[PDB]
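S.K.: Dropping the structure in here first, questions after.
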Amino acid sequence: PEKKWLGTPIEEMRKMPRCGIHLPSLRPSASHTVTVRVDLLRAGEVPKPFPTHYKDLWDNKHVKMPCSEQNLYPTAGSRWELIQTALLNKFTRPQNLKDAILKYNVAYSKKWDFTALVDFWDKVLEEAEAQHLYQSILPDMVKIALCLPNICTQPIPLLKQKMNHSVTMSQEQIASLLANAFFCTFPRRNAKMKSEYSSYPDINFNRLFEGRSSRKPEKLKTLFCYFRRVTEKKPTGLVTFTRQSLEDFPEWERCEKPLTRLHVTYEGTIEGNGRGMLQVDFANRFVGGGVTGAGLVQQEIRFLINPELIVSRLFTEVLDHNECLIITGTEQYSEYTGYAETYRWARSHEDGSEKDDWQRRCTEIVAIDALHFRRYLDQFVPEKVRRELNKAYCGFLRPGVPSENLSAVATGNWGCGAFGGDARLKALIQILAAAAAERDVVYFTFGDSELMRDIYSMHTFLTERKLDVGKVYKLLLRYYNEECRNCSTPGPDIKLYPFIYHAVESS
Ligand SMILES: Nc1ncnc2c1ncn2[C@@H]1O[C@H](COP(=O)(O)O)[C@@H](O)[C@H]1O[C@H]1O[C@H](COP(=O)(O)O)[C@@H](O)[C@H]1O
């Protein structure tokens, strides 16, 4: 029978914290916003905010905070005071939460449906679970939500396109912001015809409450698990959000870098078995995809189980082709089973990972968006091969960091299935990109054992015949020109891997 894994033994791959560089002291710079007191940062203690007291910026370079005094509502009065007054009330029934949220969202009183929240509260939860929800969890969420100005004292810059910039933030700060998103308090993030934020993903959680989909109660469970944890016990770690945008990329056709090591397996998960490795989030260019709406596929799932990722939607503009988002220090709060319609919340997860010197859990996630291919052959066009290579490379490269201090890339079938990607091409693309970035690859095929074998066989062949990135890229070009360009059927008669074997063996 087929084996469970092939290639380099996974324990020989590099992983954090062991492989990590010595971190320099944490400090703010022009490229790094730090919202906590670094001199007061201690293990197991909730970080203190810097500055000591709330400072406001209401402009096109920073998040528009709900607690801003320039956040106004019909005389024009303080919307924050109206938020406070509406949410500092007792909820016994789901309509009470709905009505509270709608007091400072009156324009959406008709357009925001709450059927899934009502159903969740009254049909899915048992009586005692609901009491707990409205007697403990919801008041505790309101509490940290209204402390926003005491917790998030420093303005948060928007990570716009082209910026190479980092925001480091406490998990406690993220909790207060995510509580605010739940209660839908973020201004200028709601309208269809919104201008300033149309290039940003949704942050407010309103669409989690709408419609009759069975996906919603599973999403709400997942999120209330998170809110329960961080209100019962305040998290003490930091998380770093980094936008990375590269203008220059390898000259793929002539790249002389050799292929790196591979571990490929049809069992295991990226988040479970890629511990301490760069974990690829198969993202939407709007990071988190439809996580706060109806989406529940590869683009959303990691944002649910590591819900601190969701906060990135507050300040991360849509990714361009040459961009990615790197998140360090998020915690896994939930386990799940299934996918899409079969997604279900299994149980809470106790993340047991170590922390680095900046008190960030040794978990690194990179969101990179593949293209969607609505015509299958489009992805073999060299220009599209290059686009994916460059996207993956941007996700993997760490300017300034020696390669020996880089963990393996933990990845899988990026943008395949219903998104249109070919698994075997995308595997080879990620292998080539990892080679250029001088990282090893741990590839999870999620049940597909023939694919595990085919990937390994190809990697072994190319490695043994000493084909560098450029030679392999040249074979991709030959495959395009000889089999794809003039192909009048949806797929070509000869496949990619068989073409490569034959071309090398004929040559
Ligand atoms: N994230 C940060 N951003 C900016 N400054 C910071 C940060 N973290 C610490 N500091 C500052 O770096 C200093 C430690 O520097 P050393 O490790 O080299 O010794 C800290 O004192 C911090 O100074 C400021 O925070 C204080 C706020 O106090 P009140 O305004 O409520 O009175 C105040 O002193 C102010 O100047």
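Identifiers for the structure tokens are assigned positionally: chains receive A, B, ... in sequence, residues are indexed from 1 per chain, and ligands are indexed from 1 in the order shown.
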For residue A:446, please output as a list in words all residues within 10 Å (counting only C-alpha atoms; exclusion window: fewer than 3 positions along the same chain).

M.R.: residues 265, 266, 267, 268, 269, 270, 412, 413, 443, 449, 451 and 452 of chain A

S.K.: Within 12 Å of residue A:107, counting only C-alpha atoms, which residues qualify if same-chain residues fewer than 2 places away don't, as an mmCIF file with N, CA and C atoms, in the first residue's frame?

M.R.:
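Okay, part.cif is ready:
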```cif
data_model
loop_
_atom_site.group_PDB
_atom_site.id
_atom_site.type_symbol
_atom_site.label_atom_id
_atom_site.label_comp_id
_atom_site.auth_asym_id
_atom_site.auth_seq_id
_atom_site.Cartn_x
_atom_site.Cartn_y
_atom_site.Cartn_z
ATOM 1 N N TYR A 73 -23.253 61.434 15.272
ATOM 2 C CA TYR A 73 -24.573 60.890 14.936
ATOM 3 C C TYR A 73 -25.649 61.942 15.223
ATOM 4 N N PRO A 74 -26.754 61.946 14.440
ATOM 5 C CA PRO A 74 -27.872 62.896 14.609
ATOM 6 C C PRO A 74 -28.309 63.213 16.053
ATOM 7 N N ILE A 101 -27.654 47.049 18.850
ATOM 8 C CA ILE A 101 -26.738 47.299 17.734
ATOM 9 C C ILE A 101 -27.320 48.308 16.734
ATOM 10 N N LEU A 102 -28.634 48.249 16.515
ATOM 11 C CA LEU A 102 -29.276 49.104 15.518
ATOM 12 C C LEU A 102 -29.466 50.547 15.971
ATOM 13 N N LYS A 103 -29.356 50.819 17.272
ATOM 14 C CA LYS A 103 -29.486 52.191 17.786
ATOM 15 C C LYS A 103 -28.450 53.167 17.220
ATOM 16 N N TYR A 104 -27.236 52.671 16.980
ATOM 17 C CA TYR A 104 -26.168 53.450 16.345
ATOM 18 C C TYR A 104 -25.898 52.954 14.916
ATOM 19 N N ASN A 105 -26.890 52.316 14.294
ATOM 20 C CA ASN A 105 -26.796 51.877 12.887
ATOM 21 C C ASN A 105 -28.178 51.972 12.224
ATOM 22 N N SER A 109 -31.263 49.635 9.703
ATOM 23 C CA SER A 109 -32.341 48.993 10.459
ATOM 24 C C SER A 109 -33.181 48.024 9.628
ATOM 25 N N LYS A 110 -33.383 48.341 8.350
ATOM 26 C CA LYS A 110 -34.156 47.488 7.438
ATOM 27 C C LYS A 110 -33.270 46.507 6.690
ATOM 28 N N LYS A 111 -32.028 46.896 6.418
ATOM 29 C CA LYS A 111 -31.159 46.113 5.536
ATOM 30 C C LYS A 111 -30.375 45.017 6.248
ATOM 31 N N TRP A 112 -30.215 45.139 7.563
ATOM 32 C CA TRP A 112 -29.501 44.126 8.345
ATOM 33 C C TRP A 112 -30.473 43.117 8.947
ATOM 34 N N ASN A 190 -19.719 50.333 6.453
ATOM 35 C CA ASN A 190 -21.003 49.644 6.237
ATOM 36 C C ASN A 190 -21.655 49.827 4.857
ATOM 37 N N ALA A 191 -21.508 51.004 4.256
ATOM 38 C CA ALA A 191 -22.281 51.350 3.059
ATOM 39 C C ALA A 191 -21.830 50.596 1.801
ATOM 40 N N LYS A 192 -22.788 50.299 0.921
ATOM 41 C CA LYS A 192 -22.491 49.761 -0.417
ATOM 42 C C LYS A 192 -21.657 50.747 -1.231
#
```

S.K.: Skipping near chain neighbours, those fewer than 3 positions away, what residues fall within 12 Å of residue A:82 using only C-alpha atoms, listed as an MDAnalysis selection string?

M.R.: chainID A and resid 66:67 69 71:74 76:79 85:88 100:106 146 185

S.K.: Neighbouring residues of residue A:355 were defined as those with any atom within 9 Å, considering only C-alpha atoms; residues of the same chain fewer than 6 positions away were excluded. Please report them as a tab-separated table (two decimals) with N, CA and C atoms, in the first residue's frame.

M.R.:
```
chain	number	residue	atom	x	y	z
A	17	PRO	N	10.68	27.84	17.54
A	17	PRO	CA	11.65	28.91	17.77
A	17	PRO	C	13.11	28.56	17.47
A	43	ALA	N	6.53	38.42	30.50
A	43	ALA	CA	5.84	37.14	30.29
A	43	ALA	C	4.66	36.94	31.25
A	237	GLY	N	-0.11	37.90	25.11
A	237	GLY	CA	0.88	37.89	24.05
A	237	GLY	C	0.75	39.08	23.11
A	329	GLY	N	2.16	35.38	15.79
A	329	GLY	CA	1.72	35.41	17.17
A	329	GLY	C	0.26	35.12	17.42
A	361	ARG	N	3.48	34.22	20.20
A	361	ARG	CA	3.48	32.78	20.00
A	361	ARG	C	4.17	32.42	18.70
A	362	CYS	N	4.91	31.32	18.73
A	362	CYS	CA	5.70	30.91	17.57
A	362	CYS	C	4.81	30.28	16.54
A	363	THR	N	4.03	31.15	15.91
A	363	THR	CA	3.11	30.77	14.87
A	363	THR	C	3.18	31.86	13.83
```

S.K.: Could you list the protein, DNA and RNA residues that have any atom within 6 Å of ligand 1, counting only C-alpha atoms and all ligand atoms, and write them as a ChimeraX atom specification?

M.R.: /A:28,34-39,50,52

S.K.: Counting only C-alpha atoms, what are the residues of stretch 326-440 of chain A within 10 Å of stretch 217-227 of chain A, and for each of them which pair of atoms is the nearest and at what distance in Å, to one decimal? Sort the table by chain and rising number, as a tab-separated table.

M.R.:
```
residue	atom	partner	partner_atom	distance
A:331	CA	A:226	CA	9.9
A:332	CA	A:226	CA	9.2
A:333	CA	A:226	CA	5.9
A:334	CA	A:222	CA	6.4
A:335	CA	A:222	CA	8.5
A:336	CA	A:222	CA	8.6
A:342	CA	A:218	CA	9.9
A:343	CA	A:218	CA	7.3
A:344	CA	A:218	CA	5.6
A:345	CA	A:218	CA	5.6
A:346	CA	A:222	CA	8.8
A:347	CA	A:225	CA	8.5
A:348	CA	A:225	CA	6.6
A:349	CA	A:225	CA	9.4
```

S.K.: Which residues, written as a PyMOL selection string, have at least one atom at most 6 Å from residue A:245, with only C-alpha atoms counted and residues fewer than 3 positions away on the same chain left out?

M.R.: chain A and resi 162+164+322-323

S.K.: Which of these, A:254, A:374, A:263, A:275, has the shortest distance to residue A:470 once you count only C-alpha atoms?

M.R.: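 The shortest atom-to-atom distance to residue A:470 comes from A:254.
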
S.K.: Taking 2 positions as the minimum chain separation for residues in the same chain, which residues sit within 12 Å of residue A:30 when counting only C-alpha atoms? Answer as a list in words.

M.R.: residues 27, 28, 32, 33, 34, 157, 163, 164, 165, 166 and 167 of chain A

S.K.: Can you list, as a ChimeraX atom specification, all residues belonging to stretch 248-365 of chain A that DSSP tags as strand (DSSP E or B)?

M.R.: /A:262-265,278-283,316,323-328,334-337,344-348,355,361,364-365

S.K.: I'd like the neighbourhood of residue A:231 as a PDB file with C-alpha atoms, in the first residue's frame, where a residue qualifies if any of its atoms comes within 8 Å (using only C-alpha atoms), though same-chain residues fewer than 4 positions away should be ignored.

M.R.:
```pdb
ATOM      1  CA  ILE A 137     -20.332  36.327  27.586  1.00  0.00           C
ATOM      2  CA  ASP A 140     -18.069  40.687  29.183  1.00  0.00           C
ATOM      3  CA  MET A 141     -17.721  41.413  25.449  1.00  0.00           C
ATOM      4  CA  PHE A 227     -14.789  35.583  23.045  1.00  0.00           C
TER       5      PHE A 227
END
```

S.K.: Counting only C-alpha atoms, which residues of stretch 350-457 of chain A fall within 9 Å of stretch 298-319 of chain A, and what is the closest atom pair for each with its distance in Å at one decimal, ordered by chain and rising number, as CSV?

M.R.:
```
residue,atom,partner,partner_atom,distance
A:368,CA,A:319,CA,8.5
A:369,CA,A:319,CA,8.0
A:414,CA,A:298,CA,8.8
A:415,CA,A:298,CA,8.3
```

S.K.: Taking only C-alpha atoms into account, name the residue in A:330, A:8, A:411, A:75 that is nearest to residue A:352.

M.R.: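 That would be A:330, the residue with the smallest distance to residue A:352.
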
S.K.: Which residues of stretch 63-161 of chain A have any atom within 6 Å of an atom in stretch 175-178 of chain A when counting only C-alpha atoms, and what is the closest pair of atoms for each, with the distance in Å to one decimal? Order the rows by chain and rising number and write it as CSV.

M.R.:
```
residue,atom,partner,partner_atom,distance
A:144,CA,A:176,CA,5.1
A:145,CA,A:176,CA,4.9
A:148,CA,A:176,CA,5.7
```

S.K.: Output N, CA, C and O atoms for every residue in that selection, as a CSV table (one decimal), in the first residue's frame.

M.R.:
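After the write, result_23.csv holds the following:
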```
chain,number,residue,atom,x,y,z
A,144,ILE,N,-15.1,44.8,27.5
A,144,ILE,CA,-13.9,45.1,26.7
A,144,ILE,C,-14.1,46.0,25.5
A,144,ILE,O,-13.2,46.7,25.1
A,145,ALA,N,-15.3,45.9,24.9
A,145,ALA,CA,-15.6,46.7,23.8
A,145,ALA,C,-15.6,48.2,24.2
A,145,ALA,O,-15.0,49.1,23.5
A,148,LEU,N,-12.3,50.2,24.8
A,148,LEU,CA,-11.4,50.4,23.6
A,148,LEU,C,-10.5,51.6,23.8
A,148,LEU,O,-9.3,51.5,23.6
```

S.K.: What does the distance between atom CA of residue A:434 and atom CA of residue A:283 come to in Å, to one decimal place?

M.R.: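 Distance reported for this atom pair: 17.8 Å.
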
S.K.: When you count only C-alpha atoms, which of these residues is closest to residue A:24: A:6, A:500, A:357, A:95?

M.R.: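 Between A:6, A:500, A:357, A:95, the residue approaching residue A:24 most closely is A:357.
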
S.K.: Check the DSSP output for the backbone and give back, as a VMD selection string, the residues of stretch 207-366 of chain A in alpha helix (DSSP H).

M.R.: chain A and resid 215 to 232 270 to 273 298 to 305 312 to 315
